[PDB]
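Asks: Dropping a structure here in structure tokens format, bear with me for questions.
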Amino acid sequence: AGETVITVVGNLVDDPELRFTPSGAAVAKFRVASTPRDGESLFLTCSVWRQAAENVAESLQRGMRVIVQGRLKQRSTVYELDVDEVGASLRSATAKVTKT
Amino acid sequence: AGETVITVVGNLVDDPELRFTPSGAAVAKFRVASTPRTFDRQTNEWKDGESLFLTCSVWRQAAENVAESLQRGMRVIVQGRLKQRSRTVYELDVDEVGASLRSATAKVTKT
Amino acid sequence: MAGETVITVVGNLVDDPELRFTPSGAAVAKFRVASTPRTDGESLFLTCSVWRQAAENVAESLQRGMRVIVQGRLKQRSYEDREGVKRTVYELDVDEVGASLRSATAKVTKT
Amino acid sequence: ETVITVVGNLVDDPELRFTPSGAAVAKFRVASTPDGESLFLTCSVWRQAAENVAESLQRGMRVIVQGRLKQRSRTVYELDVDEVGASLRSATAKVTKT
Numbered sequence: 002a003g004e005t006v007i008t009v010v011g012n013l014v015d016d017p018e019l020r021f022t023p024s025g026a027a028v029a030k031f032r033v034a035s036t037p038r049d050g051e052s053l054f055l056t057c058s059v060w061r062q063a064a065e066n067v068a069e070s071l072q073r074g075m076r077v078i079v080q081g082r083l084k085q086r087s097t098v099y100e101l102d103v104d105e106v107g108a109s110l111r112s113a114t115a116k117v118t119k120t
Numbered sequence: 002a003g004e005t006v007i008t009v010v011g012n013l014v015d016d017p018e019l020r021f022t023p024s025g026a027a028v029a030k031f032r033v034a035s036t037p038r039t040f041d042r043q044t045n046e047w048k049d050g051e052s053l054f055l056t057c058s059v060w061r062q063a064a065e066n067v068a069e070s071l072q073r074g075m076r077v078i079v080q081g082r083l084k085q086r087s096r097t098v099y100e101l102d103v104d105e106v107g108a109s110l111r112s113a114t115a116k117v118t119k120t
Numbered sequence: 001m002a003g004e005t006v007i008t009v010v011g012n013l014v015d016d017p018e019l020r021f022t023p024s025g026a027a028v029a030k031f032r033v034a035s036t037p038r039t049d050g051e052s053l054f055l056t057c058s059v060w061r062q063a064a065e066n067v068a069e070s071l072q073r074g075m076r077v078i079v080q081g082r083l084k085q086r087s088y089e090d091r092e093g094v095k096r097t098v099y100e101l102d103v104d105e106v107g108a109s110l111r112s113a114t115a116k117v118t119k120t
Numbered sequence: 004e005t006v007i008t009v010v011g012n013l014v015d016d017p018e019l020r021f022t023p024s025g026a027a028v029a030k031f032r033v034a035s036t037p049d050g051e052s053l054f055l056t057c058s059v060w061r062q063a064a065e066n067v068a069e070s071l072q073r074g075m076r077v078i079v080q081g082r083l084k085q086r087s096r097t098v099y100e101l102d103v104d105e106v107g108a109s110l111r112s113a114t115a116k117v118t119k120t
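Residue numbers (the UniProt record's numbering), protein chains in the order written: chain Y, 2 to 38, 49 to 87, 97 to 120; chain D, 2 to 87, 96 to 120; chain B, 1 to 39, 49 to 120; chain S, 4 to 37, 49 to 87, 96 to 120.
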């Protein structure tokens with residue numbers, strides 16, 4: 002790959018923003034705050060694609076705890101996470117899950 | 002501390018089984034099947050490889066939240082410590106488990 | 001190319017790497033890694058295989074007892090053998106292997 | 004809290020310094036190229063490894079590093103290294119203990 006795959010756990014800093022590509026593919030962006038314990052927080056901008064993007068826009072909001080795995084990138097400088105998988109954390113919440 | 006931390010993504014093979022220790026700490030166990038896939042260029046199709054199975058255990062509040070939220074067949078993402086134990098075999102000591110939103114939505118409720 | 005379980009393991013070689021070749025003549029080196037948590050705890054043992062140039066570099070550079078860091082893909086193979094014995098092996102398909110500098114130095118020569 | 008693995012080449016020779024207590028600490032910058051844009055991370059390793067690094071590694075060399083991803087100050099992302107290895111992808115190594 003040359004890709005840097007990582008996992009991050011934290012809380013959304015903001016509600017997800019849903020956009021679309023020219024082909025009509027959904028893309029949702031949101032910032033995650035990961036806090037080591049409180050030490051200084053790691054903030055990462057995440058983007059989620061396709062169906063997951065819509066499930067995220069609908070299901071998630073500021074303050075919710077997530078676990079995300081994706082590919083770490085740097086843009087020209098901001099560091100970003102291209103998310104491959106996103107889950108609503110069950111650490112301190114329950115979920116009623118509905119298959120799309 | 003020299004622990005081997007890994008992230009696994011897949012479907013629950015069975016309903017989580019919830020038990021308690023003598024001190025009263027909740028513990029939920031369940032098996033995750035993670036299926037790799039490769040694109041077959043000649044047939045123009047994604048073909049599935051052999052599934053990776055791991056027995057997971059989650060502790061305390063998370064354990065009860067799992068017993069309440071997850072069922073057989075649901076997709077999850079888990080991060081935790083890879084262990085093998087007594096013959097030896099593998100097990101994941103879960104530090105964090107999430108219900109995947111890849112192809113589902115969720116109503117989330119704190120605590 | 002999808003749904004793979006990528007992991008990093010750190011530990012010592014249990015044995016000298018075993019160098020073999022595929023029918024096409026590609027090198028492949030197998031070695032088992034022993035990862036021991038300090039929390049000494051029970052060690053995690055994982056069979057690794059590395060390919061091509063790295064495999065040769067490994068056979069040449071590493072031996073039993075040396076400390077490595079490896080990143081690769083965790084796979085499961087389950088089968089019934091010619092004698093009716095049902096078995097399963099887990100294996101780390103290595104993408105990157107490094108000689109650890111935690112308690113060693115190294116003279117590094119590019120191939 | 005956020006442990007990651009990164010693979011790449013040293014942008015520069017490692018810089019060895021010491022703290023008031025005499026603890027060694029080595030800093031180097033890794034470039035990880037997916049060619050697309052490169053991910054650049056400043057790495058620091060402590061103690062014996064810091065010294066082994068200063069003696070073993072130089073700019074251009076390929077490494078694999080595992081450690082804790084941190085952010086500071096605008097801001098920059100740093101890797102607090104728990105483990106660093108000289109990659110054998112396109113190199114051989116003569117390895118010596120301690």
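Where is the CB? At the ideal position from N, CA and C, for every residue including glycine.
1. Which residues bound the beta strand (DSSP E) around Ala113 (chain D)?
2. Do three or more CB pairs link the stretch 62-76 of chain S to the stretch 100-114 of chain S at distances below 8 Å?
3. In three-state DSSP terms, what is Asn45 (chain D)?
4. Between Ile7 (chain B) and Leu71 (chain B), which are expected to be in contact by the criterion C-beta below 8 Å, what is the C-beta distance as a whole number of angstroms?
5. I'd like to confirm the pairing. Which residues does DSSP put opposite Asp102 (chain D) in its beta bridges?
6. If you draw a straight line from the C-alpha of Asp15 (chain D) to the C-alpha of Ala27 (chain Y), how long is it?
7. Taking only beta-carbon positions, decide if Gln80 (chain D) is within less than 8 Å of chain Y.
8. Could you give the DSSP three-state label for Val67 (chain S): helix, strand or coil?
9. Leaving aside the five residues before and after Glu100 (chain Y) along the sequence, list all residues of the same chain whose C-beta is less than 6 Å from its C-beta, in chain order.
10. May I ask which residues mark the beginning and end of the beta strand (DSSP E) holding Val14 (chain S)?
11. Which of the residues in the stretch 9-37 of chain B, read from start to end, lie with their CB under 7 Å from any CB of chain S?
12. On the criterion of 16 or more Cβ atoms from any shown chain inside 10 Å, does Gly25 (chain S) qualify as buried, or is it exposed?
13. Which first and last residues belong to the beta strand (DSSP E) in which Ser35 (chain B) is found?
14. Among all the DSSP beta bridges, which residues are the ones paired with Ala108 (chain D)?
15. Which residue from Y:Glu65, Y:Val10 and Y:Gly3 puts its Cα closest to that of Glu18 (chain Y)?
16. Give the single residue among D:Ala2, D:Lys30 and D:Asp49 whose Cα lies nearest to the Cα of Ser52 (chain B).
17. Determine, using beta carbons only, whether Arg111 (chain S) comes closer than 8 Å to chain B.
18. Grab me the residues of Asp104 (chain Y)'s own chain with a C-beta within less than 6 Å of its C-beta, minus the 5 sequence neighbours each way, in chain order.
19. On the CB-based measure, 16 or more other CB atoms within 10 Å of its CB, does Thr118 (chain Y) come out buried or exposed?
20. Since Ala34 (chain D) contacts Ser58 (chain D) with CB under 8 Å, what's their CB separation in whole angstroms?
21. I'd like to know whether the C-beta of residue 40 (chain S) is nearer than 8 Å to at least one C-beta of chain B.
22. Does any CB atom of chain D fall closer than 8 Å to the CB of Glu105 (chain Y)?
23. Does DSSP classify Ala2 (chain B) as helix, strand or coil?
24. Express the C-alpha separation of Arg38 (chain B) and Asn12 (chain B) in angstroms, rounding to a whole number.
25. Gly107 (chain S) and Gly107 (chain B): beta carbons closer than 8 Å?
26. By Cβ distance, which residues of its chain are closer than 8 Å to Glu89 (chain B), with the 5 residues on each side in sequence left out?
27. Would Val117 (chain B) count as contacting chain S if we go by Cβ distances under 8 Å?
28. State the Cα-Cα distance for the pair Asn45 (chain D) and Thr22 (chain Y), rounded to the nearest angstrom.
29. Give me, in chain order, the residues of the same chain whose beta-carbon lies closer than 7 Å to that of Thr5 (chain D); leave out the 5 immediate sequence neighbours on both sides.
30. Given a cut-off of 8 Å on the beta-carbon distance, is the pair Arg86 (chain B) and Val98 (chain B) in contact?
31. So, does the CB of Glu51 (chain S) fall closer than 8 Å to a CB anywhere in chain Y?
32. Helix or strand or just coil, what does DSSP make of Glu89 (chain B)?
33. So, does the CB of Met75 (chain B) fall closer than 8 Å to a CB anywhere in chain S?
34. For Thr97 (chain D), which three-state DSSP category applies?
35. Does the CB of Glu4 (chain B) have a neighbour CB from chain D at under 8 Å?
Replies: By the coordinates alone:
1. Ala113 to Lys119
2. yes
3. coil
4. Actually they are not in contact, since the Cβ atoms of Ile7 (chain B) and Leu71 (chain B) sit about 19 Å apart, beyond 8 Å.
5. Answer is D:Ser58 and D:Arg82, bridged to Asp102 (chain D).
6. In a straight line, the C-alpha of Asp15 (chain D) is about 32 Å away from that of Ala27 (chain Y).
7. yes
8. helix
9. Cβ neighbours of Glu100 (chain Y) beyond the five flanking positions: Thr56 and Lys84.
10. In the DSSP assignment, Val14 (chain S) falls outside any beta strand (DSSP E), carrying neither H nor E.
11. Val10
12. Around the beta carbon of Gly25 (chain S), a 10 Å sphere encloses fewer than 16 other beta carbons of the protein chains shown; the residue is thus reported as exposed.
13. Element bounds for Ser35 (chain B): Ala27 to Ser35.
14. Y:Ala108 and D:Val77
15. Y:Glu65
16. D:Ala2
17. yes
18. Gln80 and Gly81
19. exposed
20. Contact doesn't hold; Cβ gap of about 16 Å is too wide.
21. Between 37 and 49, chain S has no modelled residues, which means residue 40 (chain S) does not appear in the coordinates.
22. yes
23. Residue state, collapsed to three classes: strand.
24. If you take the alpha carbons of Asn12 (chain B) and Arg38 (chain B), they lie about 14 Å apart.
25. yes
26. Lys95 and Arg96
27. yes
28. Between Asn45 (chain D) and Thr22 (chain Y), the C-alpha separation is close to 24 Å.
29. If we look at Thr5 (chain D) and ignore the five residues flanking it on each side, its Cβ neighbours are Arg82 and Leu83.
30. yes
31. yes
32. strand
33. At least one CB of chain S lies nearer than 8 Å to the CB of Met75 (chain B).
34. Collapsing the DSSP output to three states places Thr97 (chain D) in coil.
35. yes
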